[PDB]
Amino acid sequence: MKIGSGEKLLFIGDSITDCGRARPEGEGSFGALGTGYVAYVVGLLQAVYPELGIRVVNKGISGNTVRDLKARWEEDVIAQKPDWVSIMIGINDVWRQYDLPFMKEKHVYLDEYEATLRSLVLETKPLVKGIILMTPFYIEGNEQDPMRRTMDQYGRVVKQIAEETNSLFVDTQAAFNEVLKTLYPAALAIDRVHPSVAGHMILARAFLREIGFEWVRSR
């Protein structure tokens, strides 16, 4: 378990992270953590490692791009003095290119995305024990579907950045791809982005695996 006792773990990102969490503080309880992967992570950590006393904050905001995370970073991350920061961003940065293809300033293209996300990691890294970078995802099994293909480019940037900055790394697309060998996207997410409880469990498990969670602990 990478996370130590008494430490503060802060999650930020878009609606997948937000999942209706309490604004502004996103702590004090679960209703406050929302009803998606963040809550599930915290539930499983408390169920299996109750003695850890990990404090968890949810700063997701629906609709955010990486450009939006930067604009609120000081107040919503730095000022919170987290020990661990998990970031999952990029869905909107890409989605806007496909749902509003003629409003191009709402689009965050890959080179701006890369430099901005890099900037967040570099700023934060000296201040925390660790960073976990989760890739964005798109629940679509065809690598050549345009939005899937773009999403994968963004996820490769995330992985680049995690390697270079020694951050932890969760390939959420890889976790979905495995399930997509069986299920058509509709069975997980009608809009290919916002998943069922099952999709949130896919995400939570992928995050827990990267931080060394054990489903049945050995010592």
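All residue numbers refer to positions in the sequence shown, first residue = 1.
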Quick note on 151-159 and 29-37: per-entry mean CA temperature factor is higher in 29-37
Going by the entry, of stretches 178-186 and 52-60 the one with greater average Cα B-factor is 52-60
Per the deposited B-factor column, the C-alpha that peaks among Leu117, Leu100, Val94, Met88 belongs to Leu100
Top Cα B-factor in this entry, restricted to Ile16, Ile202, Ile211, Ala22, sits on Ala22
Binned into thirds over the chain's modelled residues, the C-alpha B-factor of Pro146 lands in the middle
Chain thirds by Cα B factor, record data; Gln46 belongs to the highest
Sorting the chain's modelled residues by C-alpha B-factor and splitting them into thirds places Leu127 in the highest
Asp68: CA temperature factor from the record, placed by chain third, in the middle
Of the three thirds of Cα B-factor ranks in this chain, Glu105 occupies the highest
